[PDB]
Q: 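I'd like to ask you about the structure that follows.
When reading the values below, keep in mind they use all heavy atoms of this one structure, side chains included, and skip hydrogens, waters and symmetry mates. A note on names: the letters A, B, ... follow the listed sequences, proteins ahead of strands, and every chain is numbered from 1.
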Number of protein chains: 4
Amino acid sequence: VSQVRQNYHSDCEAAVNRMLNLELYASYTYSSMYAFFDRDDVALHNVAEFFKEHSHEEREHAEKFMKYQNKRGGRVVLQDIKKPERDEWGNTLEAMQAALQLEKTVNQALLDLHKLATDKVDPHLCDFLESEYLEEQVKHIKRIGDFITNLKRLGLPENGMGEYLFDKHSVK
Amino acid sequence: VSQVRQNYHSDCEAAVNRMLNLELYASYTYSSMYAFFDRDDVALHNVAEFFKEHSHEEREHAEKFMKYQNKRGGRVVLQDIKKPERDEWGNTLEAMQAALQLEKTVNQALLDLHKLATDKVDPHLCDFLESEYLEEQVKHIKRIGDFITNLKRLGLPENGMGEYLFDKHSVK
Amino acid sequence: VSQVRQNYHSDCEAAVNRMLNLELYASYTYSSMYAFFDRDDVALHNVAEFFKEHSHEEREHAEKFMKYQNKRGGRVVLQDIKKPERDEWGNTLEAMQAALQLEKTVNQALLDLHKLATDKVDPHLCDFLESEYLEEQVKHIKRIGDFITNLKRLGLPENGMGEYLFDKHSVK
Amino acid sequence: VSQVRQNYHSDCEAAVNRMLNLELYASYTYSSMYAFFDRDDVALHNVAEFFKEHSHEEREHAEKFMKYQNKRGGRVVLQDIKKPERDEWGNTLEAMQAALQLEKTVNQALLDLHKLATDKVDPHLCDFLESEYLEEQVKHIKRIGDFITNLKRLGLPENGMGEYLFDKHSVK
Ligand SMILES: [Cl-]
Ligand SMILES: [Cl-]
Ligand SMILES: [Cl-]
Ligand SMILES: [Cl-]
Ligand SMILES: [Cl-]
Ligand SMILES: [Cl-]
Ligand SMILES: [Cl-]
Ligand SMILES: [Cl-]
Ligand SMILES: [Cl-]
Ligand SMILES: [Cl-]
Ligand SMILES: [Cl-]
Ligand SMILES: [Cl-]
Ligand SMILES: [Cl-]
Ligand SMILES: [Cl-]
Ligand SMILES: [Cl-]
Ligand SMILES: [Cl-]
Ligand SMILES: [Cl-]
Ligand SMILES: [Cl-]
Ligand SMILES: [Cl-]
Ligand SMILES: [Cl-]
Ligand SMILES: [Cl-]
Ligand SMILES: [Cl-]
Ligand SMILES: [Cl-]
Ligand SMILES: [Cl-]
Ligand SMILES: [Co+2]
Ligand SMILES: [Co+2]
Ligand SMILES: [Co+2]
Ligand SMILES: [Co+2]
Ligand SMILES: [Co+2]
Ligand SMILES: [Co+2]
Ligand SMILES: [Co+2]
Ligand SMILES: [Co+2]
Ligand SMILES: [Co+2]
Ligand SMILES: [Co+2]
Ligand SMILES: [Co+2]
Ligand SMILES: [Co+2]
Ligand SMILES: [Co+2]
Ligand SMILES: [Mg+2]
Ligand SMILES: [Mg+2]
Ligand SMILES: [Mg+2]
Ligand SMILES: [Mg+2]
Ligand SMILES: [Mg+2]
Ligand SMILES: [Mg+2]
Ligand SMILES: [Mg+2]
Ligand SMILES: [Mg+2]
Ligand SMILES: [Mg+2]
Ligand SMILES: [Mg+2]
Ligand SMILES: [Mg+2]
Ligand SMILES: [Mg+2]
Ligand SMILES: [Mg+2]
Ligand SMILES: [Mg+2]
Ligand SMILES: [Mg+2]
Ligand SMILES: [Mg+2]
Ligand SMILES: [Mg+2]
Ligand SMILES: [Mg+2]
Ligand SMILES: [Mg+2]
Ligand SMILES: [Mg+2]
Ligand SMILES: [Mg+2]
């Protein structure tokens with residue numbers, strides 16, 4: 001094994017690689033959302049830029065797992081980054097609903113990794129998750145849920161005026 | 001009696017303690033409103049922060065009565081702070097309507113204390129009320145009444161778009 | 001359930017509401033202590049201001065739990081804030097002794113919530129407790145215990161000169 | 001009558017002159033206290049300077065009544081300023097006790113003037129009293145009462161060390 005490796009279970013190493021892939025997948029989904037809202041027949045630029053920012057954040061999350069893996073003496077193993085589920089995202093409400101579910105999927109995988117880390121008695125991995133990932137997921141989920149509530153209040157999907165207002169006053 | 005006490009009737013001392021409790025009660029009600037508007041299924045953050053600011057203001061009003069009591073040689077006597085009337089506040093209009101009534105309740109109690117102070121020939125307590133409390137109540141009542149008028153104009157409770165617009169352009 | 005809720009047990013939600021109430025209770029107790037030391041027949045202003053600062057800190061702790069509850073998709077449920085145990089606090093030593101016990105009561109409730117969070121496999125709630133509450137309790141308990149030791153050394157309760165010296169050189 | 005005079009009763013004019021004299025009397029008493037604490041066989045300089053500052057404040061209070069009288073179209077009528085009650089003031093405790101009573105005497109005369117102003121339906125004089133005098137008396141009385149409490153705690157009159165400590169840590 002690596003000269004640095006200490007208290008790092010093979011199962012945790014593998015799960016970190018799988019989580020890295022999911023972070024990359026999330027990044028790629030958000031890129032798709034950005035591109036959709038930048039279309040000339042969609043044209044909600046503030047919405048598009050929200051999703052672009054999230055794409056960048058997810059890619060950073062992936063980089064941080066690569067660094068983590070190496071610090072522990074594990075080995076980064078990459079897999080294909082699957083294309084997003086959809087090619088088109090409907091409207092701001094549908095997209096935010098998809099984003100909420102994505103963030104919850106990410107969160108569940110982080111929680112599952114934390115449970116594995118617990119089971120393997122790996123406090124360093126627990127700490128990393130708790131300090132760098134779990135709170136940010138709660139914040140994202142809350143923000144996107146708040147947006148959904150507001151989009152519903154604004155009459156989405158039918159109310160175009162409401163959609164316009166959201167883009168111009170919410171997506172700060 | 002206290003070495004400092006001069007021209008301070010026992011009835012006024014007791015009424016100051018009761019008023020302190022009401023200020024605390026008002027603070028607590030506004031906290032409830034803050035929490036409600038911060039819910040993910042409510043999500044009117046500017047509204048929530050208006051109510052949080054008012055909660056803080058009411059707590060300051062209570063502190064000022066504690067200090068007043070001691071300055072006059074009275075004795076602070078605390079009672080339980082009753083929980084708010086409601087657990088949930090409906091929407092911005094209902095909440096503002098409740099706030100208006102709360103502010104009027106507070107005002108009436110301040111006015112009643114001023115009448116007692118008058119009857120007991122306590123110009124210092126009259127002055128304190130007039131200089132630190134009575135005008136601020138008039139301002140609050142006016143502001144919240146103006147908000148109500150605007151929420152009605154905006155089509156509350158039914159018009160969600162109107163509610164959104166209020167949160168984004170009024171609650172400065 | 002709330003659209004945001006994920007891995008948040010009903011028991012933990014309820015326990016967060018109970019803890020919020022205890023934080024508020026602690027705030028209110030410290031306010032009483034402030035008022036007592038501000039009395040003209042007590043007149044230990046630095047002591048009074050220590051307790052006022054702690055009252056404000058506890059209220060902030062309560063606010064942070066309200067925000068936490070909403071972030072997780074729980075619902076803030078308020079109860080009455082019970083008045084403090086005592087109306088008068090004796091002297092600096094007795095008050096500090098009461099404060100120590102209050103801080104220990106708060107701490108025990110935080111520790112119990114952490115155990116519940118552990119049992120329910122809620123690492124986010126564990127982290128929140130560990131990062132925002134548990135260390136601050138240890139610091140408070142240590143500070144107040146150190147004060148007690150010094151008040152005893154200074155001859156409290158009988159030695160008034162010692163009490164004066166403490167107010168003028170310790171309560172920074 | 002004076003061309004300016006409006007709603008100013010002769011009784012109120014006379015009472016303002018009497019109050020002016022009392023302010024001057026209070027100033028003179030505090031000067032005596034200053035001189036006593038500056039004696040080489042007393043030598044409590046911070047105490048002395050507290051009393052000197054109060055002497056100056058009382059003289060300012062007197063000047064403000066002279067200006068008030070002229071503004072209303074009354075006529076300043078001066079009387080002798082009686083020498084203080086005592087030539088020597090014992091110690092810090094006795095002096096503070098005398099100061100408390102002086103401040104209460106001043107306050108009672110202000111309150112009596114306010115009652116006369118009320119009876120004569122003179123809101124301008126009421127306002128002047130409330131805005132420029134009555135609160136400052138409450139503050140002085142509270143401060144001096146707090147000092148007394150501390151001097152007693154410090155073992156005055158017998159405890160010289162306590163008296164020294166008060167001069168060096170209280171009279172800010
Ligand atoms: Cl290993
Ligand atoms: Cl292994
Ligand atoms: Cl992108
Ligand atoms: Cl598609
Ligand atoms: Cl849709
Ligand atoms: Cl985080
Ligand atoms: Cl009285
Ligand atoms: Cl009475
Ligand atoms: Cl609040
Ligand atoms: Cl309700
Ligand atoms: Cl309604
Ligand atoms: Cl005011
Ligand atoms: Cl859940
Ligand atoms: Cl549950
Ligand atoms: Cl307080
Ligand atoms: Cl008691
Ligand atoms: Cl004791
Ligand atoms: Cl902490
Ligand atoms: Cl006239
Ligand atoms: Cl006349
Ligand atoms: Cl002088
Ligand atoms: Cl004499
Ligand atoms: Cl004496
Ligand atoms: Cl004043
Ligand atoms: Co991520
Ligand atoms: Co990067
Ligand atoms: Co842990
Ligand atoms: Co983020
Ligand atoms: Co108030
Ligand atoms: Co405050
Ligand atoms: Co205000
Ligand atoms: Co606390
Ligand atoms: Co706060
Ligand atoms: Co602290
Ligand atoms: Co004066
Ligand atoms: Co002058
Ligand atoms: Co003054
Ligand atoms: Mg090797
Ligand atoms: Mg392996
Ligand atoms: Mg495929
Ligand atoms: Mg941690
Ligand atoms: Mg953190
Ligand atoms: Mg937000
Ligand atoms: Mg007494
Ligand atoms: Mg009474
Ligand atoms: Mg009840
Ligand atoms: Mg005013
Ligand atoms: Mg206005
Ligand atoms: Mg729902
Ligand atoms: Mg439940
Ligand atoms: Mg009870
Ligand atoms: Mg920490
Ligand atoms: Mg220390
Ligand atoms: Mg003429
Ligand atoms: Mg005349
Ligand atoms: Mg004579
Ligand atoms: Mg004033
Ligand atoms: Mg003071």
Side-chain angles (χ1 to χ4, degrees), chain A residues 19 21-62 80-110 133-171, chain B residues 38-46 160-161 163-165 167-168, chain C residues 1-6 70-73:
Chain A
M19 187 72 230
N21 185 265
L22 181 57
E23 296 286 359
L24 289 166
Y25 175 82
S27 176
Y28 199 29
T29 289
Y30 281 131
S31 292
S32 180
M33 295 183 185
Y34 153 72
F36 177 76
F37 291 95
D38 180 68
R39 288 169 53 156
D40 80 86
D41 62 358
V42 184
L44 295 159
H45 291 292
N46 293 326
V47 173
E49 291 288 332
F50 173 85
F51 292 130
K52 178 175 275 291
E53 291 173 350
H54 277 275
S55 176
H56 283 75
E57 176 171 3
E58 299 297 342
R59 227 304 184 164
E60 297 308 306
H61 287 176
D80 293 351
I81 308 166
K82 290 283 194 301
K83 69 183 178 105
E85 134 189 303
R86 297 182 51 176
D87 297 319
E88 302 180 300
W89 299 98
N91 58 65
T92 309
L93 174 58
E94 288 195 12
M96 287 295 176
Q97 289 167 148
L100 181 65
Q101 294 308 305
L102 178 64
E103 297 283 339
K104 295 184 101 183
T105 296
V106 170
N107 199 31
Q108 189 60 61
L110 290 161
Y133 294 88
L134 296 182
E135 164 63 7
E136 194 63 15
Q137 282 320 92
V138 162
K139 286 184 197 158
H140 290 174
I141 289 165
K142 179 60 162 63
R143 188 159 191 216
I144 297 162
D146 288 353
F147 285 164
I148 294 164
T149 296
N150 279 279
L151 291 155
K152 291 177 171 183
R153 160 184 296 123
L154 281 163
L156 277 275
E158 299 87 355
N159 197 320
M161 181 178 292
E163 190 168 20
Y164 178 86
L165 286 168
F166 177 88
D167 172 89
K168 296 301 186 176
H169 305 80
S170 290
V171 249
Chain B
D38 180 68
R39 288 169 53 156
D40 80 86
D41 62 358
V42 184
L44 295 159
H45 291 292
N46 293 326
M161 181 178 292
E163 190 168 20
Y164 178 86
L165 286 168
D167 172 89
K168 296 301 186 176
Chain C
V1 298
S2 158
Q3 69 193 324
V4 305
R5 197 187 190 105
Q6 181 172 34
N70 278 329
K71 282 171 63 177
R72 291 300 302 276

Q: Which pairs pass salt bridge (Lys or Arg N to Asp or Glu O under 4.0 Å) with one or both residues in residues 26-39 of chain A, sequence neighbours excluded?
A: A:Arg39-A:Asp41, A:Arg39-A:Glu88
Q: Could you pull out the closest heavy-atom pair between A:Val106 and A:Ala26, with the gap in Å?
A: CG2-CB, 4.0 Å
Q: Walk me through it: do A:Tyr34 and A:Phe50 pass the test ring-ring contact (aromatic ring centres under 6.0 Å, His included)?
A: CA-CA 8 Å; A:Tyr34 153 72; A:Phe50 173 85; over 10 Å; no
Q: Could you work out, with side-chain contact (heavy atoms from CB on, under 4.5 Å) as the rule, every residue matching A:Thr149, not counting sequence neighbours?
A: A:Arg153, B:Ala43, C:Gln3
Q: Identify the residue among A:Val171, A:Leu154, A:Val47 that makes a side-chain contact (heavy atoms from CB on, under 4.5 Å) with A:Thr92.
A: A:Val47
Q: Is there a side-chain contact between B:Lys168 and B:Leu44 (heavy atoms, below 4.5 Å)?
A: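 Counting from C-beta outward, B:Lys168 and B:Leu44 never come under 4.5 Å.
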Q: Counting only heavy atoms not in A:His45, do more than 12 fall under 6.0 Å of its NE2?
A: yes
Q: Only counting residues at least two apart or in another chain, list the ones meeting salt bridge (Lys or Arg N to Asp or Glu O under 4.0 Å) with A:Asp87.
A: none
Q: Looking at A:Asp80, is its backbone amide N or carbonyl O close enough to the side chain of A:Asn21 to form a donor-acceptor pair, meaning the two atoms are under 3.5 Å apart?
A: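 A pair under 3.5 Å: yes.
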Q: With salt bridge (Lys or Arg N to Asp or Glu O under 4.0 Å) as the rule and sequence neighbours excluded, what pairs involving residues 93-107 of chain A come up?
A: A:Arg86-A:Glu94
Q: Tell me every residue that passes side-chain contact (heavy atoms from CB on, under 4.5 Å) with A:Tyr28, counting only those two or more places apart in sequence or in another chain.
A: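 Listed in chain order: A:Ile81, A:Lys83, A:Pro84.
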Q: Could you give the distance from CG (A:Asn46) to OG (A:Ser170), rounded to the nearest 0.5 Å?
A: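 Answer for the CG-OG pair, A:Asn46 versus A:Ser170, is 10.0 Å.
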Q: Taking side chain as C-beta onward, heavy atoms only, is B:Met161 less than 4.5 Å from A:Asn159?
A: yes
Q: Please list, chain by chain and in numerical order, all residues satisfying side-chain contact (heavy atoms from CB on, under 4.5 Å) with A:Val138, sequence neighbours excluded.
A: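 Partners of A:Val138 by the side-chain contact (heavy atoms from CB on, under 4.5 Å) criterion, ordered by chain and then number, come out as A:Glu135, C:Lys71, C:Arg72, C:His124.
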Q: If the test is side-chain contact (heavy atoms from CB on, under 4.5 Å), which one of A:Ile148, A:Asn150, A:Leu156 qualifies with A:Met96?
A: A:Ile148
Q: Could you work out, with side-chain hydrogen bond (donor to acceptor under 3.5 Å, both in side chains) as the rule, every residue matching C:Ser2, not counting sequence neighbours?
A: B:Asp40
Q: Considering non-hydrogen atoms only, spot the tightest contact between A:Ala98 and A:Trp89 and give its length.
A: CB-CZ3, 3.8 Å
Q: Locate the shortest heavy-atom distance separating A:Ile144 from A:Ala99; write the atom from each residue and the value.
A: CD1-CB, 4.1 Å
Q: Partners of A:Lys52 by salt bridge (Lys or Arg N to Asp or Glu O under 4.0 Å), sequence neighbours excluded?
A: none
Q: With sequence neighbours left out, what residues match A:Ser55 under side-chain hydrogen bond (donor to acceptor under 3.5 Å, both in side chains)?
A: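 Result, side-chain hydrogen bond (donor to acceptor under 3.5 Å, both in side chains) vs A:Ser55: A:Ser27, A:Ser31.
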Q: What heavy-atom pair brings A:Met19 and A:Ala109 nearest, and what distance separates the two atoms?
A: SD-CB, 3.6 Å
Q: Pairing donors with acceptors under 3.5 angstrom, does anything connect the side chains of A:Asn107 and A:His140?
A: no
Q: Whether the side chain of B:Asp167 engages the backbone of B:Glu163 through a donor-acceptor N/O pair (distance < 3.5 Å, no angle test) should be reported.
A: no
Q: Can you name the closest pair of heavy atoms from A:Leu24 and A:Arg59 and give their distance?
A: CD2-NE, 3.5 Å
Q: Please identify each residue that fulfils side-chain contact (heavy atoms from CB on, under 4.5 Å) with A:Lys82, with sequence neighbours left out.
A: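 Counting only residues at least two positions away or on another chain, A:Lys82 forms a side-chain contact (heavy atoms from CB on, under 4.5 Å) with A:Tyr25.
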Q: Return the set of residues passing ring pair (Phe, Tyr, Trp, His ring centres under 6.0 Å) with A:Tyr30 (not counting sequence neighbours), or none when no residue passes.
A: A:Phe51, A:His54
Q: So how far is it from A:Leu22 CG to A:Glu58 CD, rounded to the nearest 0.5 Å?
A: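 It comes to 8.5 Å.
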Q: Within this structure, what is the CD-CG distance for the pair A:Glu136 and A:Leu110, rounded to the nearest 0.5 Å?
A: 11.5 Å
Q: Just to verify, what does A:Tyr133 make a ring pair (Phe, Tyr, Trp, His ring centres under 6.0 Å) with, not counting sequence neighbours?
A: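 Per chain and number, A:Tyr133 pairs via ring pair (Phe, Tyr, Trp, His ring centres under 6.0 Å) with A:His61, A:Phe65, A:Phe128.
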